[PDB]
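Okay, here we've got a single chain as structure tokens, the form deposited in one PDB entry, with questions on binding and movement later.
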């Protein structure tokens, strides 16, 4: 019987509510395991049926609450028969006259519905919807509260007559409740209708005016819950139905403005979100101009740290400050310089204020409006920047950290000025802050310095030893969260300084501790991604100087490529049992490898030979992700250039893949494949013959393709040139089909090794098949005339062709032909090639 062990459960429940903290872990262990078969049959008798017998609401509500957790962890193992009894007891007590009991029944219903999905309780929503009218308050509230959580949490809507009535009936029913006595109920009502906004539910769309009208009539409710929901509704509608808000816009704005400075922190944040959303709409600029005088002070005031905020640091991912600052950043990009009349008089007050909370809010404002109001800020920079550099030493950390940030926002202007005026002190001061005693100032400074480095470049060279001393020391001082930012600082330093880093002293202090970590990190580490990206930057700047250190870098990268591929395979077979990897670990490993193959170019040959790198590369070229293909094709060309002797035995395998990937849909992949083919043909010589048919036609098609980026066109032109240089016989016949775009393309390129080999290829092709050029000889001349400093032998090839043509067409026709050229064109061909 249940009477025996039932008084044992109720005793275990009374003991569960002790006060020992020792007798609590014991009764929790005793109850969590007491999951036989039918304890939940009991867990409701206590909670729903034994009123007076074992009364004491705390006990009953705890019964239902422990059982709620049983539903959370072990619902799948639930007997079908007990659940049905559970469910019917809940719905029969949804509106219990005891607030605590009906709140317990409430969370019970909510969770069951969340765990066992939509259809598994088919009776629920129809019963909830119906109960909304049930003429006793508690039942109405109970139903509505439950109904609110179900639309909100799980259930992605799309649920007409899954409610057992059309949304056409349901939505106006909701709207009626906007007029209920109880504040809790009209909140529930706005929350429900808010779920149907974004999805553009037709029923709501055909009830907008009624909705909008009812929203306006609630704007003024005491209950902040209602005010908040009204704001959410209005923010949401801003994107879904602008057309219907528009005629009320100024009237709405004035409400939102009052809401953005609301008593309640929540309503305020919700109201504030309005300015963000509106700011990103084309209609914004015209609507708000008039409100800027009132808006800006409100946003700027909202950007101060609150009293609570400060304490917790000395917070939320999103708050009033982050929101206002975001809005102000966006509003600055919209109005640009026209925002300044509204900002500067307020800025003047804030920046030199005696209270730091005020000062630091002003510094934030200054940073926030940077990108947008740059041009108009330039006049005031010569006094503000020196003053910010001063704040960098402020006694208060939170001023120190934000100043770093704001300074970095003006980094570009700083560098554009004489190096000694602003850049020097900024650097001197930022380098000191990188080693601040306060973690937040460390991050801010280190981050700001990274922004500065990228902008300064060469100009950092004089301070390189002091910059490197600070960064390397930071390794020892810093802890996790900060290392990530430090890696990026080092990395950018390599990018900005370039070859200037390649000196034994620099290498001997930087590389040992970077590598120390490279061999410490467990492959599934957050630290590993930025450490890869950093080293890839370093190996490119430390060209040949990176040599002593590549062994473990190269090998681990290859390992990383392999592993990621396997993991991605496992995940494709078994999407549930086996987990997806982050392919960005692969792309970054490939880039490092190709960075390595370029800096070391040749010294790498032994490492390439003893690895699965080419096999791995092949697989990477099969990948579904364009970026992965792209990266390996890049690596292909780099290895072709570095140590072709190991690529050659695979060229028969690679060529068809390169052909398969000569597809303009994926520009970057196409680019790299095209580039790789070209580099291969130079290394292969005549032997490239059998591989031309599969590649050529696609290139001539790609080069003739209307909308094609400049770079891909240029690379196609180069590659066709190089193939032709090596196999004139196979390529020459097609000279007439690609010569127009080829010339239009390569005519705009610097006089380099690429342009040389390409034009060398077209000269060998013209000489094999001259008739291909005549019809469009105007284009060849334009392309030859673009050369400023050609190699002597190339100038002669140009010379022979140009003359050959002139001799064919004769002096008279040529004279006519030359009239077409612009002056500087006529003149170069005449001076350089004697024509």
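Positions refer to the first chain, counted from 1. By rigid core we mean the largest C-alpha set that fits within 1.5 Å across both forms.
The following text describes the form deposited with a partner chain bound, which does not appear among the structures shown.
Asker: In the deposited complex, is there a heavy atom of the partner chain that lies within 4.5 Å of any heavy atom of residue 201, even though the partner is absent here?
Answerer: Flag for residue 201 set to no.
Asker: Does residue 665 reach the partner chain in the deposited complex if we count a contact as any heavy atom within 4.5 Å?
Answerer: No.
Asker: Do residue 436 and the partner chain come within 4.5 Å of each other in the deposited complex, heavy atoms counted?
Answerer: Residue-level check for residue 436: no, no contact with the partner chain.
Asker: Would you please decide whether residue 405 lies within 4.5 angstroms of the partner chain in the deposited complex, comparing each non-hydrogen atom pair?
Answerer: Residue 405: contacts the partner chain in the deposited complex.
Asker: Pick the stretch from 317-325, 176-184, 457-465, 281-289 whose residues have a heavy atom within 4.5 Å of the partner chain in the deposited complex.
Answerer: Result of the contact check: 317-325.
Asker: Tell me, which of 214, 594, 148, 361 has a heavy atom within 4.5 angstroms of the partner chain in the deposited complex?
Answerer: Spelling it out, the residue with a heavy atom inside the cut-off is 594.
Asker: So the partner chain isn't shown here. In the deposited complex, which residue out of 470, 698, 672, 194 has a non-hydrogen atom within 4.5 Å of it?
Answerer: Result of the distance check: 672.
Asker: Once the rigid core is lined up, just say which one of 725, 211, 178, 487 has a C-alpha that travels 2 Å or more between the shown form and the other one.
Answerer: By this measure, the answer is 725.
Asker: With both forms fit on the core, has residue 750 moved 2 Å or more by CA between the shown form and the other one?
Answerer: Yes, its C-alpha moves 2 Å or more.
Asker: Superposing on the rigid core, is the CA of residue 633 displaced by 2 Å or more between the shown form and the other one?
Answerer: Superposed on the core, residue 633 moves its C-alpha 2 Å or more between the shown form and the other one.
Asker: Taking the rigid core as reference, does residue 527 move its C-alpha 2 Å or further between the shown form and the other one?
Answerer: The answer is yes; the displacement is at least 2 Å.
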